[PDB]
Amino acid sequence: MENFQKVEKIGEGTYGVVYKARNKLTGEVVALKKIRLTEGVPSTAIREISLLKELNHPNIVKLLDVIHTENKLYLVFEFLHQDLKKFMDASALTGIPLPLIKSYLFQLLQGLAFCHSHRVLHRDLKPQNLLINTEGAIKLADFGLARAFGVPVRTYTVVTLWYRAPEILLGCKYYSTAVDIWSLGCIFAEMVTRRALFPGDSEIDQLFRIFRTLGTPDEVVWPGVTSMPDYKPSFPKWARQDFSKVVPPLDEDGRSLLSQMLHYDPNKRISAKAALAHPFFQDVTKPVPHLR
Amino acid sequence: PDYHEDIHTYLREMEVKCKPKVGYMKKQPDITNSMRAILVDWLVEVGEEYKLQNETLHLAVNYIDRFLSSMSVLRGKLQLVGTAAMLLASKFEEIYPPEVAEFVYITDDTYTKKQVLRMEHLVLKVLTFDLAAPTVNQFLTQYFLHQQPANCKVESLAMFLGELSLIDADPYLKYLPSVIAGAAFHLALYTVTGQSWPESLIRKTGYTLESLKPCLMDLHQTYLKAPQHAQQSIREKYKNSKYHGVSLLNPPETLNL
Ligand SMILES: CN(C)C[C@H](O)COc1ccc(Nc2nccc(-c3cnn4nc(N5CCOCC5)ccc34)n2)cc1
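This is the structure:
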């Protein structure tokens, strides 16, 4: 712990503080994650360390070291410059170019495809959790709510409201990889439109917003939906809107991929592995962003 | 779907990386297989008491075994290892794990709260934070997807047999989780429906019925001698209508192997 000069605070958490730091001996720039310690080591810390230890991929943030003392617990990460959310605001006027939106999605889906292939659900993808550098790399971060399956992961009675999948909101017993694809779906659209796709202020409001855009799900489109714990027969029946009115700047492939990512029934929603071969990425490249 | 095959292949690769040292119990000067049998059974009770998932139990066992694989422990401290492992598994696997005070309370205050937390810390160090272990339970749930159609009794019985394996370090430390699960699933499938280790699973696992024989022979004996065994929590647990009272199903006399 003595080798790390704290450079500047960069984050606020319930577990603890995140600082940008540098190794005094090697000059390597890192992200330090402080965790204050009466319930022992926080479970999220246990999960994050354990699961990241396994996942070594260019599109997942690299945990470099875990400094483990009697009184404090530190997580050493490779440093990335800023999150996607900050870049999205910095782009509010000019917008993110399509080449770069395409690159970001491609890379995210690759990280995610790697997670899912190693029985890891992220569960909480959002602009704040996705890190970018100046060379066009984007990486999945914050695995505090990440979870191992191989035994199906049961849902509570967690996720940020806006990027939640409808099956969770409707009260499904189990999670699945489908929920991570949904999230990426929303992030994809948001990069295209410059606006959050489903920005609900409450659970029921979040559900209703999804409905007004994709239509109110029925038994034909989603078998079992009307039997789900939190479904109500008195739900307004909205009609599916045209994706050309939802995401105007997107070509036919964009709309195609997006719709499959925002597919209602989890079982039929596209997986990260399958989305990578979609015609949308036929000409993917690696553009560099302009960061302040 | 498209990930199912990769996840199997991955758990397969990882189950080798997370296995304990087979003959660790011979190098533990102050504890025996018998002592561990008492410990794991008590955990089964704790698992029922606090209504914790079965995965939590399997993980805790793996932590305990891996810990003991490199750390000499006195008999009086064995339970402290057991408790903390159980706490860590709860933190890893459960949605809302029981509070530390609850893990203290269940030891008749043999250890303080200060002690349990320090043991948690030490186990984390010894295991080098590597908590996401493959378990018999994990492999069974995979193998279940290969049923035509799904049979609840088969599943509960296979589960019961896999759970029983946890108790007796001799012989079951000899076998990888994938193997025990295979033996378990076949035995349950044979007991309930008469069918055998399916063609689909042979291809997936690479394990032939012939290759499952050694383990299958041992598991068959544990199943047979189950009501005589010194530890009984699992049998009691699986008498329950929740698990289709499978512990009361008569084992086949011979396996026709
Ligand atoms: C909105 N702005 C004010 C944010 C600022 O632009 C500043 O954002 C940022 C964001 C990231 C960096 N660098 C970085 N590189 C690698 C890894 C990490 C990293 C590892 N765990 N966490 N947990 C986090 N947490 C997320 C959950 O809450 C606790 C912190 C936030 C970041 C990280 N962070 C630097 C700055």
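Sequences listed follow chains L and C, in order. Letter by letter, the first sequence follows residues 1 to 37, 41 to 160, 163 to 297 in UniProt numbering. Letter by letter, the second sequence follows residues 176 to 432 in UniProt numbering. Ideal placement from N, C-alpha and C gives every residue a C-beta, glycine not left out.
* To do: With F216/L as the anchor, note down where its alpha helix (DSSP H) starts and where it stops.
  => Going by DSSP, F216/L is part of the alpha helix (DSSP H) stretching over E208 to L219.
* To do: Using a Cβ-Cβ cut-off of less than 7 angstroms, list which residues of the stretch 43 to 63 of chain L approach chain C; keep chain order.
  => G43, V44, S46, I49, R50, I52, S53, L54, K56 and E57
* Excluding the five sequence neighbours on either side, which residues of its own chain have a C-beta within less than 8 angstroms of the C-beta of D185/L, listed in chain order? -> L115, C118, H119, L124, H125, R126, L128 and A277
* Asked: So what does DSSP say about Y19/L, is it helix, strand or coil?
  -> strand
* Asked: Got a sec: which bits of the stretch 120 to 153 of chain L sit with their beta carbon under 7 angstroms from any beta carbon on chain C, in order along the chain?
  -> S120, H121, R122, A151 and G153
* Asked: How would you write the range of the beta strand (DSSP E) that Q5/L sits in, first residue to last?
  -> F4 to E12
* When every heavy atom of ligand 1 is checked, does at least one fall within less than 8 angstroms of the C-beta of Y15/L? -> Because some heavy atom of ligand 1 lies under 8 angstroms away, the Cβ of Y15/L counts as near it: yes.
* With respect to 8 angstroms, is the separation between the Cβ of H84/L and the closest non-hydrogen atom of ligand 1 below this value? -> Flag set: Cβ of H84/L near ligand 1.
* First through last residue of the alpha helix (DSSP H) which encompasses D92/L -> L87 to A93
* Give the single residue among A149/L, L108/L, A279/L and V252/L whose Cα lies nearest to the Cα of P130/L. => If we check each option's Cα against that of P130/L, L108/L comes out closest.
* Against chain C: residues of the stretch 272 to 284 of chain L by CB proximity under 9 angstroms -> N272, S276, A277, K278 and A279
* Across which residues does DSSP place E73/L in a beta bridge pair? -> The partner list for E73/L (beta bridge, DSSP) is empty, contrary to what the question assumes.
* Is any heavy atom of ligand 1 found at a distance shorter than 8 angstroms from the C-beta of residue 348/L? -> The structure shown does not extend to residue 348/L, since chain L is modelled only from 1 through 297, so no value can be given for it.
* Contact with chain C by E81/L, beta-carbon distance below 9 angstroms -> Taking Cβ atoms only, chain C never reaches closer than 9 angstroms to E81/L, which makes this a no.
* Are there 16 or more other CB atoms within 10 angstroms of the CB of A149/L, so buried, or fewer, so exposed? -> Flag for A149/L reads buried.
* Asked: Where does the unbroken alpha helix (DSSP H) through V367/C begin, and where does it stop?
  -> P352 to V367
* Inter-residue CB distance, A48/L and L32/L (contact presumed, cutoff 8 angstroms) -> Not really, about 14 angstroms apart at Cβ, beyond 8 angstroms.
* Asked: Since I182/C meets chain L, which of its residues come closer than 9 angstroms, beta carbon to beta carbon?
  -> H119, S120, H121, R122, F152 and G153
* If you drop the 5 nearest sequence neighbours on each side, which residues of the same chain put their C-beta closer than 6 angstroms to that of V29/L? -> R22 and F82
* Asked: Counting only beta-carbon atoms, is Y179/L nearer than 9 angstroms to chain C?
  -> no
* Which residues, in order along the stretch 299 to 311 of chain C, keep a beta-carbon less than 9 angstroms from a beta-carbon of chain L? -> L299, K300, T303, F304, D305, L306, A307, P309 and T310
* Asked: Among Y238/C, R378/C and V301/C, which one has its Cα closest to the Cα of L341/C?
  -> Residue nearest to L341/C within the set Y238/C, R378/C and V301/C is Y238/C (criterion: CA-CA distance).
* Asked: Regarding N132/L and ligand 1, is the C-beta to nearest heavy atom distance less than 8 angstroms?
  -> yes
* Asked: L133/L lies in the beta strand (DSSP E); which residues open and close that run?
  -> For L133/L, the uninterrupted beta strand (DSSP E) segment begins and ends at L133 to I135.
* Close-in-space but distant-in-sequence residues of the same chain around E223/C (CB under 8 angstroms, 5 per side omitted) -> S408 and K412
* Cross-strand partners of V79/L (DSSP beta bridge) -> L32/L and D68/L
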